[PDB]
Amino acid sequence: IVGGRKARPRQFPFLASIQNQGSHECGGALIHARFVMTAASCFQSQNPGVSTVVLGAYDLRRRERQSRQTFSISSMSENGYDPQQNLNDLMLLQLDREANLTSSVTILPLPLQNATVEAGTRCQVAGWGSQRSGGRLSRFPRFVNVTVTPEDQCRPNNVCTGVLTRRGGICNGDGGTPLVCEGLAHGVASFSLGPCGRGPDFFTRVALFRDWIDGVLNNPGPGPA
């Protein structure tokens, strides 16, 4: 995150940290005691989904034993994700077991199917991503205040944003992290236009996948084999 402030512990308790061999690859949000919503695109590979999921974190550098919760991924689900054009970049992770709902870990609610957010609306995005193109991750979470742009510079499958001050927005490590507006997860950080903090951050429209998500939540099994 570029152009933002440092958060306080438990300021965003829904927040997840997806890791690989202990290193932070992407963000996410806890949407159900057993699922984490994130970007499908975090899911390229080079050691594919052999990842972990850390809840309750703050300082990426410490163990924070009495606040964190660690989990492995039993399954992963997506709806028509397409990498060439980045369409439908959304994926749900099923945790090996129920997350204990504490003061440092909570659920982020979801908008109803087909809902919308008008241009000009104020939202926030937060994460442990870097502050500059190809730069170190942030050890603590940071957040910035965003504003939803007019539909003509976005895309239908997305919900775009900008900052009144040059430089603000997502950056490396911020992928999968949620855009919250009006206390609901209206977005899933996908990709960004050019130099971090420059102009039009693209987020996946969560309101389009609502019934599908409900679908997965309701019949929790690993899928066919």
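Quick note: we count residues from 1 along the sequence shown, nothing fancier.
Checklist entry - Averaged over C-alpha atoms, is the B-factor higher for 27 to 35 or for 192 to 200 in this PDB entry? => result According to the entry, 192 to 200 carries the higher average C-alpha B-factor.
Next on the checklist: Can you tell me whether 210 to 218 has a higher mean C-alpha B factor than 9 to 17 in this record, or the other way round?
Outcome noted: Per the PDB entry, the higher value belongs to 210 to 218.
Next on the checklist: Among the choices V53, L60, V180, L164, identify the one whose CA B-factor in the record is greatest.
Outcome noted: Max CA B-factor in the entry, restricted to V53, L60, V180, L164: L164.
Checklist entry - Which of these has the highest Cα B-factor in the record: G187, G49, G169, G173? => result In this record, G49 carries the highest C-alpha B-factor of the candidates.
Checklist entry - Which third of the chain does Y81 land in by C-alpha B-factor: lowest, middle or highest? => result Its C-alpha B-factor, which the entry lists for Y81, ranks in the highest third among residues of this chain.
Checklist entry - By its CA B factor, does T70 count among the lowest, middle or highest third of the modelled residues in the chain? => result Within its chain, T70 is a lowest-third residue by C-alpha B-factor, going by the deposited values.
Next on the checklist: By the recorded C-alpha temperature factor, relative to the other modelled residues in its chain, which third is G134 in?
Outcome noted: Ranked within chain, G134 CA B lands in the highest tercile.
Checklist entry - What third of the chain, by the recorded C-alpha B-factor, contains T116? => result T116: CA B-factor falls in the middle third of its chain.
Checklist entry - Against its chain's modelled residues, does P150's Cα B factor rank lowest, middle or highest third? => result It belongs to the highest third of the chain when residues are ordered by C-alpha B-factor.
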